[PDB]
Structure formats: structure tokens, C-alpha cells
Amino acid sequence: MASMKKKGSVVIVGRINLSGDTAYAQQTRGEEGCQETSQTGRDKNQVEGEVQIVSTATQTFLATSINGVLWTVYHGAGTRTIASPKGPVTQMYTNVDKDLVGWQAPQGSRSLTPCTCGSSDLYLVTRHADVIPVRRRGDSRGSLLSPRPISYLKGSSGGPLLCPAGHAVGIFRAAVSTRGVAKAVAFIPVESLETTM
């Protein structure tokens, strides 16, 4: 009992910058500082933007702020706290059945607005700041206009699918893979986030 370890916090280590005309990834914390912040849960770094790059000791993925909540996938975050300036913050939403978790959005982040356009021309944002056109094909699936090896999408779970006007349509969850090629993606629809709320 006395030696049982604690899992560390999820740590914001960068962001996907969408503020201007060029999308690009920014790193805001290196691997050593990430490891230390994960164990303490105390992250005093400035947060900006809608799409964060996040890490645990063993994985790296994305998280997206919608309606004042920073959302990501359960398969990346599990039940972990997130590091914050005052110490670890507990998830306010956890739904393993949806592969969904959420924490209160960090001070300084910006939130996306849920889409009400009813449009099926979407855009997936990856951890490399690629903006991938995706045609919506059902409630929780979309096809890539240009299929990509799954290598290209790995590490982008938790990222957004957006409509043409930049509203949030969903959270990227899984790639639909044939012979290692992603022809489609599965996502958590923003309406499911809204119901979880």
C-alpha cells in the first residue's frame, strides 16, 4: 500500500495555432518539463487558443475547447486530472462509452461554438496543423476527400472537426482503416458533448 504510485496529470505541451491565415503547431513545453508538470499537476504556463496539444507520461494527443470545456478522448486521458496553475483539476465530465472526457477550460483558452449549420462539408485539424477536408457521412462518421496513411492521423484524437464557418461539429475519436489507409474517421458529435453537459 505505502508504495502505490499515483498517475500523473495530463499536461498541455503546445497548441495548434488557428488565429491567422496559416495553421501551425507550437510547442510550449519540452519533454522534461512535461514530466515534472505531470507529477506535480502545477502548470503555470500561459494557455492560448482553441486546440491544445496534450501529453501524459506515455501518450500525446489533442484537446479542444467547446462551450468553456476542454474536451478530449478517454482512450488518451483515462480518468486523469489536468495540470493547472493551482494544481491538478479533476475531470468534470467522464464518459467511457463515448470515449469522452472534459475539464473546465483553462484560463486564457478560447472556445469553439457548437455548429448549428446542418452542413456536411467539414474540416479535420491534426496535431501537425494539417486541415483535412472531410465529407460528413453519418451522425458520427466522415470520409477523407484524400485518404491518408493512419500514421498521418495518429496523435490527433481529441482534435476538432469544424464546419466551413469554423464551428465545432465533433471531436476526432478513431480512424477507419483499410490496409493501413484511413479513408474515413469517426468522431464524437458536438450534440453528444452538449447532452453530456
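Residue numbers here begin at 1 and follow the sequence given.
Tell me which stretch, 178 to 186 or 8 to 16, has the higher mean Cα B-factor listed in the entry. Taking the mean B-factor of the alpha carbons in each, 178 to 186 is higher.
Could you check which stretch, 67 to 75 or 116 to 124, carries the larger mean CA temperature factor in the entry? Per the PDB record, 116 to 124.
Highest recorded C-alpha temperature factor, please, choosing from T37, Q52, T60, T28. Among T37, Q52, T60, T28, the PDB entry lists the largest C-alpha B-factor for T37.
Maximum C-alpha temperature factor, selected from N45, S157, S143, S151: The record points to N45.
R80: which third of its chain by C-alpha temperature factor? Bottom third by C-alpha B-factor.
Please say which third, lowest, middle or highest, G102 falls into when its CA temperature factor is compared across its chain. Bottom third by C-alpha B-factor.
Entry-reported Cα temperature factor of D130, expressed as the chain third it lands in: Ranked within chain, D130 CA B lands in the middle tercile.
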